[PDB]
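# Close look at the chain arrangement
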Amino acid sequence: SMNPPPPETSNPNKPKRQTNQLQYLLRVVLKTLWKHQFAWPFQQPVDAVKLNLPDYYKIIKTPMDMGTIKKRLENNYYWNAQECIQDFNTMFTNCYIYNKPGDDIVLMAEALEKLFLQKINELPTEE
Ligand SMILES: Cc1cc(-c2ccccc2)n2nc(N)nc2n1
């Protein structure tokens, strides 16, 4: 029932790059999802205490959220676009695993994911 520490967003010894694909992931992909009317539940780690989801972190062992992704991208945490794409996919999948089809939170995830897919379809070729 307690919350875990959040995912890492800072690690000085992890090598880092700022690729044009990673810039796209921030400027197009994160910004488009972040502004959406359905973003709010996804903008920070799931607070299993406030939300009274005491089993959340029993089920979800690789937590992810857009607040985390935002810090990673703003802090140039990543080496490549694929790491960041994986974070988005983890966030969506966790929601689907934890919840039931047609739950409001799942409809919200699906809307965000549709947009995510449309944007990732136009990921630019690496400069
Ligand atoms: C990412 C996420 C967010 C929320 C969440 C739901 C409502 C308000 C705030 C946050 N919930 N709630 C469940 N059951 N599963 C979730 N997954």
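Calculation notes
- Residues numbered from 1 in each chain as written, not as in the entry; some residues may be left out.
- Heavy atoms only, no water.
- Residues with missing side-chain atoms left out of burial classes, pairs and counts.
- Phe/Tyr/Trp six-rings, centres within 6.5 Å; stacked < 30°, edge-to-face > 60°.
- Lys NZ or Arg CZ within 6 Å of the ring centre and 35° of its normal.
- Helix = DSSP H or I, 4+ residues; strand = E, 2+ residues; numbered from the N terminus.
- Expected span 1.5 Å × (residues − 1).
- Buried < 20%, exposed > 50% of the residue type's maximum accessible area, 1.4 Å probe, protein only.
- Arc of directions from axis to C-beta.
- Contact = heavy atoms within 4.5 Å.
- 1 Å grid on protein atoms, 1.4 Å probe; cavity = no way out; pocket = protein on both sides within 12 Å on 5 of 7 lines; lining within 4 Å.
- Points joined across faces, edges and corners; volume = space filled by probe spheres on them.
- Nonpolar A, V, L, I, M, F, W, Y, C, P; charged D, E, K, R; others polar.

Structure determination for this entry, per the PDB record, employed X-ray crystallography and reached 1.7700 Å resolution.

### Focus on the packing of aromatic side chains
Here the structure, examined in full by the defined rule, presents 5 aromatic pairs. What links up through ring pairs into an aromatic cluster is the set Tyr56, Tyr57 and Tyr98. Positioned over the ring face of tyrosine 77 is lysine 14, at 4.8 Å from the centre of the ring. Its guanidinium or amino end placed over the ring of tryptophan 34, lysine 70 lies 5.2 Å from that ring's centre, counting from NZ or CZ.

### What about helix α5 (residues 104-120)?
Its 17 residues give α5 an end-to-end C-alpha distance of 24 Å, which sits within 8% of 24 Å, the value for a rise of 1.5 Å per residue. Taken as a whole, α5 has its buried residues at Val106, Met108, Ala109, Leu112, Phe116 and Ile120. In an axial view of α5, the angular spread of the buried residues amounts to 150°, which keeps them on one side of the axis. For α5, exposure combined with an orientation more than 90 degrees from the buried face picks out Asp104 and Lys114. Residues of α5 that are buried make contact with α1 (20-34) and α4 (81-98).

### Quick notes on empty space enclosed by the protein
Estimates place the volume of the largest cavity at around 50 Å³. If you go around the largest cavity, the residues you meet are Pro7, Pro45, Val46, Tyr56, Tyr57, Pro63, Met64, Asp65 and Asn94. When the residues that make up the lining of the largest cavity are grouped by side-chain class, the tally is 7 nonpolar, 1 polar and 1 charged.

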